[PDB]
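As a starting point, one isolated chain is supplied in structure tokens, in the form deposited in one PDB entry.
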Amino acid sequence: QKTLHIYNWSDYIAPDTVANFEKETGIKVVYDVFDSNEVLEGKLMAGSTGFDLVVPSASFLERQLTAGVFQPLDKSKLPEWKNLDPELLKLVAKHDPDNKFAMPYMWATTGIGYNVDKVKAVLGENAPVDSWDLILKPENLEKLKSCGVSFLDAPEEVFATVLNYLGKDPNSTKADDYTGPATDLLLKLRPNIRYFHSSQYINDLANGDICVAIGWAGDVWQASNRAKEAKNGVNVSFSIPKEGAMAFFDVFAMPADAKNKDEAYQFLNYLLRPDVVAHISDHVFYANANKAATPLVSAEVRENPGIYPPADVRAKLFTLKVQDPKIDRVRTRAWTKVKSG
């Protein structure tokens, strides 16, 4: 009886995906979850992860490749790879040349989640919910503190977002952009932020304990759906702001020391089935990377422009680039200053 160890983001699979896979294959799955690319990167760089499959964002996977922590995927063992959208593959290939190591899973944007009724109560019916001004303008964040503000604990994403908002290159390579204007704005906003966290904001939005957050798109749409099913009167929405936003592509990868690679390939092939991955999108409110799966995705998810955004919105999205050690050091130091103080 072989097993399979999977490490994925929290709130990123359907409730029955693993159980259905177990029943069909007789494999027992050990499934654990994270909410931080930094936590996963640290595990991969410090020693064995103990997992057969892990799911980093592609921009982090680029750095992980330089350490040799993944096994190149045997495409002969992934017959339905063709189901993957070739345009998303090409974007991920910027981080993973010729798509040797990573299987695109889901993708979304880093935008603004908010409580519709509370934001209009505080900022009025003309609140700029289509703009990063809603939370990155100090005058606005000071008022929204009344009902709670959270930021992702995602340093590379938050700094890229702030740099873009400031009219800088989102992937600026000038240290002074981080230590000066980016830090200046974040510290002006810092007094109004209740916490930095990358998963507690989902239920807090759903229960009405925070009213605005920097959040991941599908996470916020999950919060909205949780509130509706609870019939608690909380109306949550998500915005991809007009100034653009970061896009991310989360990918399955196979640690080089994975014990049960054959079982791992069986699970990747299971995910490449259009019906399996469309069912996941239906429950987690994320766009998958499977072009063959799109007709099976529920209308509610597939037609949500905050999940599958239209071309004019996609044209304003940016992606993270890997920085050299100098900028990495300055960004991390600045992040700690922003959070603590």
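Numbers follow the displayed sequence, beginning with 1.
The protein also exists as the form deposited in another entry; that form is not presented, and the subsequent description refers to it.
- Under the rigid two-part model of the rearrangement between this form and the one not shown, residue 59 and residue 13 move as members of one part.
- Annotation for the pair residue 99/residue 318: C-alpha atoms approach each other in the other form, by 3 Å or more compared with this form.
- Note: the CA-CA distance for residue 293 and residue 244 contracts in the other form relative to this form, by 3 angstroms or more.
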